[PDB]
Amino acid sequence: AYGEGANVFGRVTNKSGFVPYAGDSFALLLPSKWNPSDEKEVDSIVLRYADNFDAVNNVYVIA
Amino acid sequence: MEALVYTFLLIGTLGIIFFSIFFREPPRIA
Amino acid sequence: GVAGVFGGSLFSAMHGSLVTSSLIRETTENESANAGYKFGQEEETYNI
Amino acid sequence: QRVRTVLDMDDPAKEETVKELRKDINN
Amino acid sequence: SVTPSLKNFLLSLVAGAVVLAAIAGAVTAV
Amino acid sequence: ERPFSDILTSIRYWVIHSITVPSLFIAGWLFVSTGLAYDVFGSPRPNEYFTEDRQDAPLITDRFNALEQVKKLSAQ
Amino acid sequence: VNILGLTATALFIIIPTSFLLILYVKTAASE
Amino acid sequence: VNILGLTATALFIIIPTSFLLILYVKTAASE
Amino acid sequence: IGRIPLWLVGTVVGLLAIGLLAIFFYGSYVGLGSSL
Amino acid sequence: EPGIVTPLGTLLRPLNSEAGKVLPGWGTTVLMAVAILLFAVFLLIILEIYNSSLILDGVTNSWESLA
Amino acid sequence: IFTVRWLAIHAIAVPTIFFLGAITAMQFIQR
Amino acid sequence: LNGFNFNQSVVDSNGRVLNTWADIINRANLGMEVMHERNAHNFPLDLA
Amino acid sequence: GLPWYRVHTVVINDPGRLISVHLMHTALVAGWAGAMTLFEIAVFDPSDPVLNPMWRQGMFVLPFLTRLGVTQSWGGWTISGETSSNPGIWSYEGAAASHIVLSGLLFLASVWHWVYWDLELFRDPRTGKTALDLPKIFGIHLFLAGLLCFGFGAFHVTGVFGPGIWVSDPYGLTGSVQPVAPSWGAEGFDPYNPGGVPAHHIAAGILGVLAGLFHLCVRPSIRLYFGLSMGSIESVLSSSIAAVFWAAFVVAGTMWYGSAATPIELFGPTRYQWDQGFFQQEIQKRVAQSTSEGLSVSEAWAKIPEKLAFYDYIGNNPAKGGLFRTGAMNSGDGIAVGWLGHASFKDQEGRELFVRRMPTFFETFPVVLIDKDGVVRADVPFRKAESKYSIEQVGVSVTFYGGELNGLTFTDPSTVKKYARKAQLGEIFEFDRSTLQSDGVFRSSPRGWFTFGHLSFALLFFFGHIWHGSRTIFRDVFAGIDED
Amino acid sequence: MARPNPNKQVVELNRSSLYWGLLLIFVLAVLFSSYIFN
Amino acid sequence: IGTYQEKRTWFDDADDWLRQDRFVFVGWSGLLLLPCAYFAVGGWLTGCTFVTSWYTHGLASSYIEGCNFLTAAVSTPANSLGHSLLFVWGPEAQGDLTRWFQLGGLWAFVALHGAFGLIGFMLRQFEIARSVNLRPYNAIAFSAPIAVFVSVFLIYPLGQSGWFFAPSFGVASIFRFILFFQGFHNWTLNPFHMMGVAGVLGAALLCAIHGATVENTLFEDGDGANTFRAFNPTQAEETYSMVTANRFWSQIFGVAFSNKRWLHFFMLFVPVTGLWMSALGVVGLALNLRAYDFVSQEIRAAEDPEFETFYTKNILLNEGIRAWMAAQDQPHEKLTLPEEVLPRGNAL
Ligand code: CLA
Ligand code: CLA
Ligand code: CLA
Ligand code: CLA
Ligand SMILES: C=Cc1c(C)c2cc3nc(c4c5[nH]c(cc6nc(cc1[nH]2)C(C)=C6CC)c(C)c5C(=O)[C@@H]4C(=O)OC)[C@@H](CCC(=O)OC/C=C(\C)CCC[C@H](C)CCC[C@H](C)CCCC(C)C)[C@@H]3C
Ligand SMILES: CC(C)=CCC/C(C)=C/CC/C(C)=C/CC/C(C)=C/CC/C(C)=C/CC/C(C)=C/CC/C(C)=C/CC/C(C)=C/CC/C(C)=C/CC1=CC(=O)C(C)=C(C)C1=O
Ligand SMILES: CC1=C(/C=C/C(C)=C/C=C/C(C)=C/C=C/C=C(C)/C=C/C=C(C)/C=C/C2=C(C)CCCC2(C)C)C(C)(C)CCC1
Ligand SMILES: CC1=C(/C=C/C(C)=C/C=C/C(C)=C/C=C/C=C(C)/C=C/C=C(C)/C=C/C2=C(C)CCCC2(C)C)C(C)(C)CCC1
Ligand SMILES: CC1=C(/C=C/C(C)=C\C=C\C(C)=C\C=C\C=C(C)\C=C\C=C(C)\C=C\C2=C(C)CCCC2(C)C)C(C)(C)CCC1
Ligand code: OEX
Ligand SMILES: [Cl-]
Ligand SMILES: [Cl-]
Ligand SMILES: [Fe+2]
Ligand code: NA
């Protein structure tokens, strides 16, 4: 338990709806809202990200 | 065989409804 | 609407149990409590 | 023999196994 | 042996007696 | 008797409570603004839900080790 | 369950009907 | 005839016994 | 003993209640829990 | 009218002869309360054991206890 | 004073105002 | 006009969407959606 | 006149008629016990106590007959498996006939107590008006109840005079009725230890003797007598009803969660054994042991007894049936013929695929196959459209070890899918479905029906307790209030 | 008390209660028959 | 008491201090009712404001998170904990209130204290009816809400895998629980549930129709168009015309009440019987004894594609509910169902 103040009247941290992520020699702007998943759809996926309700909206790389 | 039973039960409930409407104990004012 | 039917059951049981809680003695333990009420009678049958 | 291969064998079948319910501090 | 589970349970029984004693204080102090 | 008509219309009541009502309001404001709510009630702060270790919903998956496991899984 | 259900339903009609009709005919017979 | 016979015997026990019990309870009510 | 009118007190507390509920409905569109 | 005089009834008459007679004041109600609260503690002990919110060294509280 | 009515109304009013200040405080917490 | 829509209402400072009880309702709602009139649909959005 | 819901109140102040109706109800209950033992023996099939066990037949009272020692039969069979050489007088049919005879005797006694209700025993001499010495009568009954409990716990279940109780292994393999020594330590409160039952009944019986003596001697106090209304028979009715639904919760939870007094060989497996993979643990542990010393997965699966694999089947859960799925489990899914063998599924490239076992809440569960590490690798897809997890492109082949099929491998996708759908339900079995004209849907255990009946009866008795305590506390205002 | 039973009681069932009993039993039949047949 | 001396004691002094007219009647039962009820209500209001659900369910259920009234809840603890009592001094929390809150102990707190507050309230009904010398039909009526509460929040989670499957105390969480009973249990088809529905809707009908009939068959006692000033507290005549009410409903509906006592006993009887039947059905569902299927109609629909009914549509919808809600509602099963195998119709 660490004692720190909360956030009020000091502007919002992130609003652009995107977040950077760094992996194995590749850098891209992931959807800030999308949840990562552990299902390797292909035997050669490094990172997989999918939308919270539907897995129709999914983004992943292959190596 | 089942539709016979369901139809009998339904018309039995309707018959008890009819008897309860038109064959109740008449209330008395006293 | 759900609050309405839940309150409908609430107040039906409430009012029925308050009227049944305050019934006036006319009958005995032999006779059902409804037998203390006479149809068309002028006096109120329970203690409001 | 080892308690780790049983854990990895029963992870895919049923996940409420009591051994998955005990002593998984380090898991 | 006195398992720490037993120890926490006995101190909880102590605490329940404390709460009952405080309730007695509330009923005797109007 | 004080049947709730001369006690909420009394300046004696209103002067003493012109400090306790908004002192309570300010204390409740500071309890949330200073993060004491986050500290005592276990709710994580809006920027501390996912750590570097896990990027999903935490799972307890134990009973007698639940205390130290939720310790290790939470944001310290 | 197509014959056992039939006899169960017939029993559950007739037996309480018999009981209540005992009590009603008894009651109405006392004027 | 193994369950149809059972329901036939069951109804033959119940309906006339119930009718007789109606009449006897009606009689014994009136003294 | 009644030196402030009860209706005036009730109107003021109703104003604070309505302002509080208006603040609560306003804060659902901003900050946390605001779908943005 | 006196009832039916019975040999076994007159045998069991004294066990049911003194109906409705009591001790004055409170009597053993304090010791009764001690019995209630000890039973409550014991019953909560076995409840927590079977709920395994109370751990004991010898109690497995699982099917392996049948071993 | 310090009546039963006093304690029973304070138990439901004092945390209520403290909590109302609490929700009003978080109602302006940004993200 | 429908009921309230509280899906993706809470997000964290880094924009991730936290599931919520309303989102569990939304999941059950999707299950109730796609299966109902399973053959009557030819197009994605169910405007009709 | 009297309303229909009040007729039995005619025996409130008449102790002779009260004893008469208690006797008649006792006669009905004992006659039911005998009649149901006879009915179950008539519908029982002891030809297969390993794959058609008694709890699969909807047998309700024979688990309670067997739990205490009655295991032999006049029919030339014993349910543990042996042949009944000398069953003696106390068989299943013996206990049934004894219950019928006792019911007849109690009916005769109820007739006598109905006619001879005016016993002078029921008259208080001081005033000549009828009464009961309810504290003293409670003391007598507590003395007898404690003596009976002590006798049952020190003599029957300990085996010095009686036969003991049904004790089994943790994993329910052999099982038998043996004497169990009492456990006086903290272990005696282990609810799965059979040693709790004699120690508990001995201690509770001794305390019953002590409390019965205290109640025979010590009279209640006046203000307690008026607080609890100890002179009213309805007060003791209400307090007894409270004790009764308390005991109903206790036996219902005991039956549901399992205990030493609810053996799985008599009452079926519990829900939590499937949920927590108890038998599954044992099966693959008995595989890993004895695979660790040679004799690879082709063999030693036949070393797994057919009892463990049968207990590892969702159709044996008591939380998988329905409220109107009436009857035996055999009438639901057929009679188990034999274990078809452990099906091991494997991919094309070399990884082993495990079928996700069916959780209890689901009536329909999708068929998926996942690897060791916890990644979904194959499935039986609902869409099958723009898909790359289906069996026909993943390349899943199924093999068998230690059952009806031994060593056989199938690669046809249709039979692979049907074996995966059966492995979804745990261990794969053949069921003779034609014997009982089985519909196909799962049933509940005698354990499950017992828990349902006792919990529903328990809530109904909670209301009965509240209503009767209400009548005792508010006896004077039953016809109405005092008007003044 | 005496040789005859002193607690001699008469039971009553008016036609209204007959109607409630008949509706109740027949409604239980209409409700539960689909499930008993299953 | 009762023409005896009976010298006074501390019990009698405490009893006389408790049983007296106050602003709020405390009584002996108030030794239980007041603290247990205050703690249950305050714990719910605390959990809906500060206590998180991020660790027990992976959801958000507090105002400090951003949830409003309809969405916040006090969440049931994790399925891993089973039916643990979640004592703050127990094994899971180990005395520590802070990580006790986030492990789900607040649900057990609110459930146990709410049960004991309900017991205290019914004991209060008994006590007050005794002190005013009135029949305890108000407590008999309150027997049904406690039956519902114990069967829903206690018997059902005890029957299932753990407290996780109990209803979390909160509006959207109750809605989740309700849609859960639809998808997994087919609780709509259950005869005991539909008896509860008939009881509650009939009780609402009785409430509304007794109110309207009474308010429309008044006696005059007038000289004023506000009828509410025609009522005095202590008199001995009926305020609305019973005979006119009976005539009206006899000619409108065919049957009408003619006994006030039986009318109000029916108004008491209908919701109590309905809620008791719902309680019994939930107890059946605690052991997964569902009225999910009709065997004859299911086998007919399996042996005929042309057989389609609303019941079969409901069965398909329930499969959709289960398969589309299991992955996000049950994190303990680790159900990573791919988008591939989920049931789905054409388009949509
Ligand atoms: C050991 C339990 C027990 C006992 C000895 C009694 C005894 C009594 N009860 Mg009571 N009661 C009980 C439990 C019990 N009750 C329970 C569990 C409930 C909740 C359902 C009630 C609710 C209740 C009410 C509301 C009333 C009584 C009343 C009475 C008195 C008269 C009963 C009567 O004439 O009805 C006669 C019954 C019939 C004519 C037919 C009933 C048929 C039933 C409903 C269905 C058939 C049951 C089946 C054949 C047997 C299985 C039951 C078993 C498994 C439990 C009597 C002294 C009455 C009273 O207060 O007296 C003034 C009354 O008003 N009881
Ligand atoms: C503690 C009570 C209890 C329990 C737990 C059981 C449990 C069981 N019994 Mg059993 N039984 C009992 C009492 C009990 N019985 C009594 C008192 C009798 C004598 C009448 C019987 C006579 C009996 C027979 C003859 C048989 C069983 C059988 C069975 C087994 C099959 C499941 C079943 O019952 O079907 C399902 C149960 C239901 C569908 C009950 C419906 C649930 C409620 C009560 C709804 C009814 C209420 C409503 C008003 C009814 C209206 C319906 C109407 C329209 C027809 C099961 C393990 C069968 C068996 O396996 O043979 C060995 C069998 O053939 N029992
Ligand atoms: C000498 C008489 C006698 C004997 C030897 C038996 C023997 C037997 N009966 Mg039986 N029975 C009897 C009389 C007898 N009965 C009578 C008179 C009735 C009518 C009420 C019945 C009704 C009956 C039924 C309905 C059933 C049996 C059954 C059985 C068989 C197994 C018992 C069992 O497993 O349940 C175990 C027994 C118990 C769990 C009793 C629990 C006792 C509770 C805990 C009492 C607690 C309250 C007490 C006041 C606590 C005191 C406090 C303490 C400190 C002192 C067994 C052969 C069962 C069977 O399998 O059918 C054949 C069956 O279902 N009997
Ligand atoms: C009407 C009063 C009342 C009641 C009925 C309850 C009831 C309950 N509380 Mg609670 N509580 C209360 C007041 C009450 N509380 C108050 C006023 C507070 C604020 C201080 C709390 C704060 C609180 C917390 C923080 C918690 C509870 C919890 C609980 C539950 C379990 C507690 C338990 O089993 O411990 C057992 C208590 C007893 C058995 C008391 C009996 C004591 C025996 C008779 C005496 C033995 C002690 C003695 C000293 C032994 C040594 C003697 C030696 C010399 C021989 C339970 C249902 C827990 C819970 O919510 O579960 C999740 C929990 O976490 N309560
Ligand atoms: C949603 C439905 C519902 C609610 C909210 C409700 C509420 C109430 N009914 C009461 C009474 C009654 N209920 C009755 C009949 C009925 N009541 C019904 C349905 C309800 N009754 C139904 C259907 C019936 C018909 C049978 C009767 C006959 C009475 C009364 O005598 C009484 C009254 O006079 O009404 C005014 C009061 C007792 C509360 C109290 O102080 O107890 C004290 C105990 C407390 C406060 C502890 C309980 C805490 C609970 C169990 C857990 C905590 C819950 C959180 C605080 C909130 C969670 C909310 C989320 C789930 C959304 C309260 C106003
Ligand atoms: C082809 C065919 C026939 C098709 C039909 C098929 C079909 C759809 C069948 C289904 C029908 C069927 C019966 C199903 C329902 C099954 C069901 C769920 C049953 C539940 C059964 C059950 C035991 C539940 C327990 C709960 C219970 C007690 C319910 C009772 C409900 C009930 C009777 C409520 C009262 C309803 C009602 C209309 C009351 C009006 C009363 C009334 C007229 C008061 C008015 C009135 C007010 C006054 O204030 C005064 C002063 C007077 C004077 C006065 O009058
Ligand atoms: C006389 C005599 C005799 C004979 C005897 C006998 C023969 C007996 C019997 C008997 C019997 C044989 C009985 C039986 C019975 C039964 C019963 C008693 C029952 C029941 C049940 C119930 C009660 C149920 C209910 C129900 C239903 C209906 C369904 C479900 C639900 C319920 C549960 C509710 C002798 C020679 C010995 C001796 C001399 C004398
Ligand atoms: C945790 C815990 C505890 C407890 C506590 C308590 C019991 C407290 C509390 C509390 C409380 C008690 C709180 C509260 C709150 C409240 C609130 C928050 C309110 C509200 C309301 C609103 C917001 C609204 C209003 C309105 C308006 C304004 C408009 C119209 C009307 C209405 C009403 C709607 C302790 C520590 C003991 C320990 C254990 C655990
Ligand atoms: C209900 C109630 C109450 C009350 C509450 C409240 C709080 C209320 C309010 C209110 C308010 C709050 C009011 C206000 C108002 C105002 C008005 C109504 C106005 C006006 C005017 C105008 C028309 C305007 C105009 C204009 C324009 C157009 C433009 C610019 C200029 C000017 C501004 C001039 C109480 C509690 C006491 C009691 C109970 C009941
Ligand atoms: O019908 Mn029954 O669900 Ca109302 O949205 Mn359009 O339509 Mn049909 O689709 Mn979507
Ligand atoms: Cl549809
Ligand atoms: Cl479309
Ligand atoms: Fe009224
Ligand atoms: Na479609």
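Shown numbers run from 1 along every chain as its sequence is written, which may differ from how the entry numbers residues; residues without coordinates are omitted from display. Chain labels run from A onward and ligand labels from 1 onward, assigned in the order the entries are written. The full assembly is larger than what is shown, and all values describe the shown chains rather than the whole. The side-chain figures draw on all heavy atoms in the structure; neither hydrogens nor water molecules are used.

**Section: the site of ligand 4**
And step 1. Distances are taken per atom, and a residue is near a molecule or strand as soon as one of its heavy atoms is within 4 Å of it. In the vicinity of ligand 4 there are 20 residues, among which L13 of chain E together with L31, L86, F109 and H113 of chain O approach most closely.
And step 2. More than one chain reaches ligand 4: the nearby residues come from chains E, J and O.
And step 3. The separation between an oxygen atom of ligand 4 and a polar main-chain atom of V88 of chain O is 3.4 Å.
And step 4. By the convention adopted, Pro, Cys, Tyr, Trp, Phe, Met, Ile, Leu, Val and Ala count as nonpolar, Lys, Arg, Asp and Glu as charged, and the other residues, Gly among them, as polar. The residue makeup of the shell around ligand 4, split by class, is 19 nonpolar, 1 polar and no charged. Under the rule applied, a polar contact is a pair of N or O atoms within 3.5 Å (in protein, one hydrogen donor and one hydrogen acceptor; residues adjacent in sequence only if both atoms are side-chain atoms).

**Topic: the interface of chain O and chain M**
And step 1. In what follows, residue pairs with any heavy atoms lying within 4.5 Å of each other are defined as contacts. Opposite the 59 residues of chain O that make contact, chain M presents 60 residues.
And step 2. Carbon and sulfur atoms make up 66% of the surface buried where chain O meets chain M, a total of about 5,100 Å² over both sides.
And step 3. When two parts are put together, the accessible area they lose, computed with a 1.4 Å probe and summed over both, is reported as buried area. Broken down residue by residue, the surface that chain O buries against chain M is led by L287, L289 and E340 of chain O, which jointly contribute 14%.
And step 4. Should a side-chain nitrogen of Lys or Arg be within 4 Å of a carboxyl oxygen of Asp or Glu, the pair is scored as a salt bridge. Linking chain O with chain M are 6 salt bridges, by the criterion used here.
And step 5. The shortest N-O distance in the salt bridge between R325 of chain M and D293 of chain O comes to 4.0 Å.
And step 6. Inspection of the region where chain O meets chain M yields 20 residue pairs in polar contact.
And step 7. Helix and strand assignments come from DSSP, with helices taken as H or I runs of at least 4 residues and strands as E runs of at least 2, each series counted from the N terminus. Listed by contribution, the elements that provide at least two residues to the side of chain O that touches chain M are α1 (10–18), α4 (105–131), α5 (137–159), α6 (171–185), α7 (191–216), α9 (260–286) and α11 (310–329) of chain O.
And step 8. Sorting elements by how many residues they give to the side of chain O that touches chain M places α5 of chain O first, with 9 residues.
And step 9. Partitioning the side of chain O that touches chain M into residue classes produces 35 nonpolar, 12 polar and 12 charged.

**Overview of helix α3 (residues 66–73) of chain F**
And step 1. Exposed residues in this analysis have more than 50% of their type's maximum accessible area, buried residues have under 20%, and partly exposed residues fall in between, with area computed by a 1.4 Å probe over protein chains only. Buried residues of α3 of chain F: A66, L67, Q69 and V70 of chain F, and no others.
And step 2. Each element contacted by the buried residues of α3 of chain F is listed here: α3 (97–102) of chain O.

**Comments concerning unusual backbone geometry**
And step 1. Located in the positive-phi region is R2 of chain F, a residue other than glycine, with phi close to 55 degrees.
And step 2. Mapped onto the elements, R2 of chain F comes out in the segment before α1 (11–33).
And step 3. The phi angle at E37 of chain L is positive, at roughly 50 degrees, despite the residue not being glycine.
And step 4. By the element assignment, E37 of chain L lies in the segment after α1 (21–35).
And step 5. What makes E37 of chain L partly exposed here is its relative accessible area of 46%.

**So, the site of ligand 9**
Residues and elements named next belong to chain I.
And step 1. Taken together, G10, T11, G14 and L15 form the complete shell of residues around ligand 9.
And step 2. Areas reported here follow the Shrake-Rupley algorithm with a probe of radius 1.4 Å; residue values treat only the protein chains shown as occluding. Its free accessible area being 980 Å², ligand 9 has 17% of it covered by the protein chains.
And step 3. Of the residues that constitute the shell around ligand 9, the class distribution is 1 nonpolar, 3 polar and no charged.

**Side note on the pattern of salt bridges**
All names here are of chain M.
And step 1. This model, assessed by the stated rule, comprises 37 salt bridges over all chains.
And step 2. Its salt-bridge partner being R56, residue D333 comes within 2.4 Å of it at the nearest N-O pair. Of the two residues, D333 is situated in helix α12 (residues 330–333) and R56 in the loop between α1 (15–42) and α2 (62–68); the sequence distance between them amounts to 277 residues.
And step 3. Between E234 and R471 there is a salt bridge, with the nearest N and O atoms lying 2.4 Å from each other. Of this pair, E234 sits in helix α7 (residues 233–257) while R471 sits in helix α15 (residues 446–473), and the two are 237 residues apart along the sequence.

**Side note on the pairing of strand β7 (residues 376–379) of chain M**
Residues and elements named next belong to chain M.
And step 1. By the convention used here, strands pair only if DSSP detects at least 2 bridges between them. Sheet topology note: the strand β6 (residues 368–370)/β7 ladder contains 3 bridges and is antiparallel. Across the sheet, the residue bridging to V368 is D379, located in β7.
And step 2. Hairpin connection from β6 to β7: 5 residues lie between these consecutive antiparallel strands, with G374 at a positive phi of about 95 degrees.

**Some thoughts on the UniProt feature "binding site: Fe(2+) 1" (unreviewed entry) in chain O**
And step 1. UniProt positions are given in the numbering used here, feature names are shortened, and annotations may be inferred rather than shown by experiment. Feature annotation in UniProt places "binding site: Fe(2+) 1" (unreviewed entry) on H210 and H264 of chain O, given in this structure's numbering. These annotated residues cover 55 residues of sequence, and their C-alpha atoms lie no more than 9.2 Å from one another, placing them together at a single site.
And step 2. For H210 of chain O, a relative accessible area of 11% gives the class buried.
And step 3. Non-local contacts of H210 of chain O, meaning those with residues more than four positions away in its chain, are made with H15 of chain C together with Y240, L263, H264 and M267 of chain O.
And step 4. Exposure remark for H264 of chain O: the relative accessible area of 0% places this residue in the buried category.
And step 5. Setting aside residues up to four positions removed in sequence, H264 of chain O forms contacts with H15, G16, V19, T20 and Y46 of chain C together with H210 and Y240 of chain O.

**With respect to the arrangement of the chains**
And step 1. With 37 pairs of chains in contact overall, the contact-richest pair is chains M and O.
And step 2. Nothing in chain B touches chain K; the tightest C-alpha to C-alpha distance between them is still 50 Å.
And step 3. Looking at chain H next to chain K, you find no contact at all, with the nearest C-alpha pair sitting 60 Å apart.

**Description of the packing of helix α1 (residues 2–21) of chain C against α9 of chain O**
And step 1. Relative orientation of the contacting elements α1 of chain C and α9 of chain O amounts to 135 degrees, with a least axis distance of 7 Å. The orientation of α1 of chain C with respect to α9 of chain O, classified from their angle, is oblique. Note that α1 of chain C runs across α9 of chain O; the crossing there is left-handed. Contacts between α1 of chain C and α9 of chain O pair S9, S12, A13, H15, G16, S17, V19 and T20 of chain C from the former with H264, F265, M267, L268 and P271 of chain O from the latter.
And step 2. Looking at the contact of α1 of chain C with α9 of chain O, its residues break down into 6 nonpolar, 7 polar and no charged. Axes, fitted as lines to C-alpha atoms, cover a helix only where it is in contact. Angles between the N-to-C directions of the axes lie from 0 to 180 degrees. For this classification, under 35 degrees means roughly parallel, over 145 means roughly antiparallel, 65 to 115 means roughly perpendicular, and everything else is oblique. Should the near helix be turned anticlockwise from the far one by less than a right angle, the crossing is termed left-handed; should it be turned clockwise, right-handed.

**Some words on empty space enclosed by the protein**
And step 1. Method remark: on a 1 Å grid restricted to protein atoms, a set of points is classed as a cavity if a 1.4 Å probe fits but cannot get out and as a pocket if it is open with protein on both sides within 12 Å along at least five of seven lines; lining residues have an atom within 4 Å of a point. Grid points are joined across faces, edges and corners, and a volume is the space filled by probe spheres set on the points. For the structure shown, the criterion picks out 9 cavities of 30 Å³ or more.
And step 2. For the largest cavity, the calculated volume is near 90 Å³.
And step 3. The calculated volume of the second largest cavity comes to roughly 60 Å³.
And step 4. Lining the second largest cavity we find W467, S470, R471, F474, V477 and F478 of chain M together with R135, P136, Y137 and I140 of chain O.
And step 5. Elements that contribute at least two residues to the lining of the second largest cavity include exactly α15 of chain M together with α5 of chain O.
And step 6. It is α15 of chain M that contributes the most residues to the lining of the second largest cavity, 3 residues altogether.
And step 7. Within the lining of the second largest cavity, the residues separate by chemical class into 7 nonpolar, 1 polar and 2 charged.

**Points about the pairing of strand β2 (residues 27–31) of chain A**
All names here are of chain A.
And step 1. Judged from the 5 bridges that link them, strand β1 (residues 18–22) and β2 form a sheet pairing that is antiparallel. What sits directly across from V19, in β2, is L30.
And step 2. Taking the residues that link successive antiparallel strands as the turn, the β1-β2 hairpin has 4 residues, and the phi of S25 there is positive, at about 60 degrees.

**A short note on helix α14 (residues 413–423) of chain M**
And step 1. Among the residues of α14 of chain M, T415, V416, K417, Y419, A420 and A423 of chain M are the ones counted as buried.
And step 2. In the core, the buried residues of α14 of chain M are packed alongside β4 (342–346), β5 (352–355), β6, α13 (391–394), β8 (397–401) and β9 (409–410) of chain M.

**Focus: a nonpolar patch on the surface**
Residue and element names in this part refer to chain M.
And step 1. Residues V21, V101, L102, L105, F107, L108, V111, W112, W114, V115 and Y116 make up a contiguous nonpolar surface patch of about 1,000 Å² in total accessible area.
And step 2. At 9 residues, helix α3 (residues 92–115) tops the list of elements feeding residues into the nonpolar patch.
And step 3. The topology assignment puts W114 in helix α3. Think of a patch as exposed residues, more than 30% relative accessible area, with no salt bridge, where like charges cluster within 9 Å and nonpolar side chains (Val, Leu, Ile, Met, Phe, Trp, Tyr) cluster within 5 Å.

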